[PDB]
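Data first, discussion second: the structure below is written as structure tokens.
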Amino acid sequence: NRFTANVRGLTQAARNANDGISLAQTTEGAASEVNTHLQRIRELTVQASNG
Amino acid sequence: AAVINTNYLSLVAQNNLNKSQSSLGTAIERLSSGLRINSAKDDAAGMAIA
Amino acid sequence: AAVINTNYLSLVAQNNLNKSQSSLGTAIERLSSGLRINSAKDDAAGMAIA
Amino acid sequence: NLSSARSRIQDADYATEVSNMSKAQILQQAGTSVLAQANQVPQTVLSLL
Amino acid sequence: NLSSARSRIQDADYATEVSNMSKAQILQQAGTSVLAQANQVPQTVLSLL
Amino acid sequence: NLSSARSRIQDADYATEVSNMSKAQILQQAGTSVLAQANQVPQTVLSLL
């Protein structure tokens, strides 16, 4: 019974960890888009810094 | 794992193919028109200067 | 004992057979639909999140 | 990413579901057989009379 | 520009469509096989006699 | 469209039809077995004489 409880808990924990992986993936994708923006702002700032 | 309903790898491939196709489209438009700054969305200030 | 009116072993076998059949049924539904969480009685919060 | 999130919680893992089905079928045939042999258990009483 | 606008709405993206068709085919074949086993399930009842 | 409409009312859903055929076969074998066991019900009478 202890083993069954531990096994079910660990499988549910693996599911929770998969959810964490997916959450990190969404955050990572959003941050990548912010990065792609920041490159464009930097390039345009370099352009506009020309007098 | 062994899922059938949703294939994440297919979605990744489609998105990357879309990025490549967008780059190809911009390159083809630049070649055809001969103007790098066409459709001012590309380098908005450049088109004003031009 | 050597009683013939009732058979406890048959009843136990029937119960275990019913449990195995229920497991077979849920596995068959999960294969056929391809969705682990259908018929919300399994993982009620899972279907809400999905 | 959200579709992957949904897959992680909604889609079925065929690798384990098929094994569960196979074990269920094995248990089903075993249960039918053992239920039969349990049904011939009282016939041994119907030997002495 | 209006032809492009019609494209963004009307016509279909083959990259998604081919993948959807493949997934549907896999699902249909899996469903046929599991239905065969489902109709095989009550056969175990016709074992004890 | 009319061919599809005729299909909706005329042709047979082979999934359901095969399920019904398998079920009917199970009922046939079960019926002949239970009838066989029903035939020796009076044989118990042909013990005391």
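The way I read the labels, and the way they are meant: chains A, B, ... in the order of the structure tokens, residue 1 as the first residue of every chain, and ligand 1 as the first ligand shown, with later ones counted on from there.
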Taking only C-alpha atoms into account and nothing else, which residues of chain B lie no more than 12 Å away from chain C? Please answer as a PDB file with N, CA, C and O atoms, in the first residue's frame.
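Saved as selection07.pdb:
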```pdb
ATOM      1  N   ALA B   2       3.761   9.008 -26.914  1.00  0.00           N
ATOM      2  CA  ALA B   2       3.045   8.239 -27.930  1.00  0.00           C
ATOM      3  C   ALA B   2       1.695   8.859 -28.260  1.00  0.00           C
ATOM      4  O   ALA B   2       0.707   8.149 -28.459  1.00  0.00           O
ATOM      5  N   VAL B   3       1.624  10.183 -28.313  1.00  0.00           N
ATOM      6  CA  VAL B   3       0.366  10.870 -28.573  1.00  0.00           C
ATOM      7  C   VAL B   3       0.124  10.945 -30.073  1.00  0.00           C
ATOM      8  O   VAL B   3       1.067  10.998 -30.872  1.00  0.00           O
ATOM      9  N   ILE B   4      -1.148  10.940 -30.459  1.00  0.00           N
ATOM     10  CA  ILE B   4      -1.550  11.032 -31.854  1.00  0.00           C
ATOM     11  C   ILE B   4      -2.333  12.308 -32.131  1.00  0.00           C
ATOM     12  O   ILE B   4      -2.182  12.914 -33.194  1.00  0.00           O
ATOM     13  N   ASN B   5      -3.166  12.736 -31.179  1.00  0.00           N
ATOM     14  CA  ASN B   5      -4.093  13.836 -31.428  1.00  0.00           C
ATOM     15  C   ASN B   5      -3.356  15.106 -31.832  1.00  0.00           C
ATOM     16  O   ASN B   5      -3.706  15.751 -32.825  1.00  0.00           O
ATOM     17  N   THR B   6      -2.333  15.483 -31.071  1.00  0.00           N
ATOM     18  CA  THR B   6      -1.539  16.670 -31.355  1.00  0.00           C
ATOM     19  C   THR B   6      -0.081  16.273 -31.512  1.00  0.00           C
ATOM     20  O   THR B   6       0.481  15.606 -30.638  1.00  0.00           O
TER      21      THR B   6
END
```
DSSP helix (DSSP H, G or I) residues within chain B, listed as a PyMOL selection string = chain B and resi 8-33+44-49
Per residue of chain E within 12 Å of region 33-46 of chain F, which atom pair is closest and at what distance in Å (one decimal), using only C-alpha atoms, listed by chain and increasing number, as CSV?
```
residue,atom,partner,partner_atom,distance
E:46,CA,F:33,CA,9.6
E:47,CA,F:33,CA,11.0
E:48,CA,F:33,CA,10.4
E:49,CA,F:33,CA,7.2
```
Serialized selection, N, CA and C atoms, as a PDB file, in the first residue's frame:
```
ATOM      1  N   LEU E  46     -18.367 -16.068 -23.791  1.00  0.00           N
ATOM      2  CA  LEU E  46     -18.572 -17.368 -24.423  1.00  0.00           C
ATOM      3  C   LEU E  46     -17.339 -18.254 -24.230  1.00  0.00           C
ATOM      4  N   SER E  47     -16.905 -18.357 -22.977  1.00  0.00           N
ATOM      5  CA  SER E  47     -15.839 -19.272 -22.596  1.00  0.00           C
ATOM      6  C   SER E  47     -16.288 -20.254 -21.529  1.00  0.00           C
ATOM      7  N   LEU E  48     -16.923 -19.770 -20.468  1.00  0.00           N
ATOM      8  CA  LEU E  48     -17.485 -20.650 -19.456  1.00  0.00           C
ATOM      9  C   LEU E  48     -18.847 -21.142 -19.924  1.00  0.00           C
ATOM     10  N   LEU E  49     -19.031 -22.457 -19.910  1.00  0.00           N
ATOM     11  CA  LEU E  49     -20.248 -23.064 -20.434  1.00  0.00           C
ATOM     12  C   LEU E  49     -20.516 -24.410 -19.774  1.00  0.00           C
TER      13      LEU E  49
END
```
ask   = Residues of chain A within 9 Å of chain D, using only C-alpha atoms, as a PyMOL selection string?
value = chain A and resi 15+18-19+21-23+25-26+29
Test item: chain B residues at most 10 Å from chain A, counting only C-alpha atoms, as a PDB file with N, CA, C and O atoms, in the first residue's frame:
```pdb
ATOM      1  N   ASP B  43      12.232  49.141 -42.878  1.00  0.00           N
ATOM      2  CA  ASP B  43      13.056  50.333 -42.665  1.00  0.00           C
ATOM      3  C   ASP B  43      12.248  51.591 -43.002  1.00  0.00           C
ATOM      4  O   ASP B  43      12.434  52.240 -44.035  1.00  0.00           O
ATOM      5  N   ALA B  44      11.301  51.887 -42.108  1.00  0.00           N
ATOM      6  CA  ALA B  44      10.350  52.971 -42.347  1.00  0.00           C
ATOM      7  C   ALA B  44      11.053  54.300 -42.594  1.00  0.00           C
ATOM      8  O   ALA B  44      10.670  55.051 -43.498  1.00  0.00           O
ATOM      9  N   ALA B  45      12.082  54.610 -41.803  1.00  0.00           N
ATOM     10  CA  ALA B  45      12.798  55.870 -41.983  1.00  0.00           C
ATOM     11  C   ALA B  45      13.509  55.914 -43.326  1.00  0.00           C
ATOM     12  O   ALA B  45      13.652  56.985 -43.930  1.00  0.00           O
ATOM     13  N   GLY B  46      13.987  54.761 -43.793  1.00  0.00           N
ATOM     14  CA  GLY B  46      14.676  54.724 -45.068  1.00  0.00           C
ATOM     15  C   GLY B  46      13.795  55.168 -46.215  1.00  0.00           C
ATOM     16  O   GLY B  46      14.246  55.878 -47.114  1.00  0.00           O
TER      17      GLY B  46
END
```
task = At a cut-off of 12 Å, list the chain E residues touching chain B, using only C-alpha atoms, as a list in words.
result =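 Residues of chain E within 12 Å of chain B, counting only C-alpha atoms: residues 1, 13, 14, 15, 16, 17, 18, 19, 20, 21, 22, 23, 24, 25, 26, 27, 28, 29, 30 and 31 of chain E.
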Pose of chain C fitted onto chain B, C-alpha LSQ, given as a PDB file with C-alpha atoms, in the first residue's frame:
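That gives us part_7.pdb:
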```pdb
ATOM      1  CA  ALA C   1       5.051  10.455 -25.407  1.00  0.00           C
ATOM      2  CA  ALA C   2       3.240   8.283 -27.960  1.00  0.00           C
ATOM      3  CA  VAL C   3       0.183  10.528 -28.271  1.00  0.00           C
ATOM      4  CA  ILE C   4      -1.503  10.791 -31.671  1.00  0.00           C
ATOM      5  CA  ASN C   5      -4.102  13.518 -31.058  1.00  0.00           C
ATOM      6  CA  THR C   6      -1.557  16.342 -31.369  1.00  0.00           C
ATOM      7  CA  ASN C   7       1.879  16.592 -32.999  1.00  0.00           C
ATOM      8  CA  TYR C   8       4.103  19.294 -31.515  1.00  0.00           C
ATOM      9  CA  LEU C   9       6.950  18.528 -33.931  1.00  0.00           C
ATOM     10  CA  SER C  10       4.702  19.167 -36.926  1.00  0.00           C
ATOM     11  CA  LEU C  11       3.648  22.515 -35.454  1.00  0.00           C
ATOM     12  CA  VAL C  12       7.267  23.543 -34.867  1.00  0.00           C
ATOM     13  CA  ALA C  13       8.187  22.523 -38.411  1.00  0.00           C
ATOM     14  CA  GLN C  14       5.256  24.536 -39.771  1.00  0.00           C
ATOM     15  CA  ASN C  15       6.357  27.628 -37.846  1.00  0.00           C
ATOM     16  CA  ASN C  16       9.950  27.396 -39.072  1.00  0.00           C
ATOM     17  CA  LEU C  17       8.689  26.800 -42.613  1.00  0.00           C
ATOM     18  CA  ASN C  18       6.574  29.955 -42.369  1.00  0.00           C
ATOM     19  CA  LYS C  19       9.571  31.980 -41.177  1.00  0.00           C
ATOM     20  CA  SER C  20      11.700  30.683 -44.050  1.00  0.00           C
ATOM     21  CA  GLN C  21       8.900  31.432 -46.516  1.00  0.00           C
ATOM     22  CA  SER C  22       8.584  35.000 -45.229  1.00  0.00           C
ATOM     23  CA  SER C  23      12.325  35.482 -45.721  1.00  0.00           C
ATOM     24  CA  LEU C  24      12.015  34.039 -49.228  1.00  0.00           C
ATOM     25  CA  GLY C  25       9.142  36.394 -49.982  1.00  0.00           C
ATOM     26  CA  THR C  26      10.941  39.534 -48.881  1.00  0.00           C
ATOM     27  CA  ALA C  27      14.090  38.514 -50.775  1.00  0.00           C
ATOM     28  CA  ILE C  28      12.023  37.807 -53.896  1.00  0.00           C
ATOM     29  CA  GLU C  29      10.318  41.203 -53.724  1.00  0.00           C
ATOM     30  CA  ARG C  30      13.653  42.959 -53.242  1.00  0.00           C
ATOM     31  CA  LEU C  31      15.074  41.170 -56.291  1.00  0.00           C
ATOM     32  CA  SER C  32      12.014  41.766 -58.475  1.00  0.00           C
ATOM     33  CA  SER C  33      11.539  45.452 -57.686  1.00  0.00           C
ATOM     34  CA  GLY C  34      15.261  46.093 -57.337  1.00  0.00           C
ATOM     35  CA  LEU C  35      14.481  48.381 -54.384  1.00  0.00           C
ATOM     36  CA  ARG C  36      15.542  47.265 -50.918  1.00  0.00           C
ATOM     37  CA  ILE C  37      13.097  49.640 -49.201  1.00  0.00           C
ATOM     38  CA  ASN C  38       9.619  48.973 -50.551  1.00  0.00           C
ATOM     39  CA  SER C  39       6.497  48.214 -48.507  1.00  0.00           C
ATOM     40  CA  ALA C  40       7.635  50.666 -45.847  1.00  0.00           C
ATOM     41  CA  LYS C  41       7.236  48.145 -42.991  1.00  0.00           C
ATOM     42  CA  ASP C  42      10.964  47.540 -43.562  1.00  0.00           C
ATOM     43  CA  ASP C  43      13.172  50.546 -42.713  1.00  0.00           C
ATOM     44  CA  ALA C  44      10.376  53.075 -42.257  1.00  0.00           C
ATOM     45  CA  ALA C  45      12.775  56.015 -41.932  1.00  0.00           C
ATOM     46  CA  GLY C  46      14.696  54.735 -44.944  1.00  0.00           C
ATOM     47  CA  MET C  47      11.771  55.282 -47.300  1.00  0.00           C
ATOM     48  CA  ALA C  48      11.134  58.740 -45.854  1.00  0.00           C
ATOM     49  CA  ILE C  49      14.743  59.699 -46.585  1.00  0.00           C
ATOM     50  CA  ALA C  50      14.605  58.061 -50.023  1.00  0.00           C
TER      51      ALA C  50
END
```
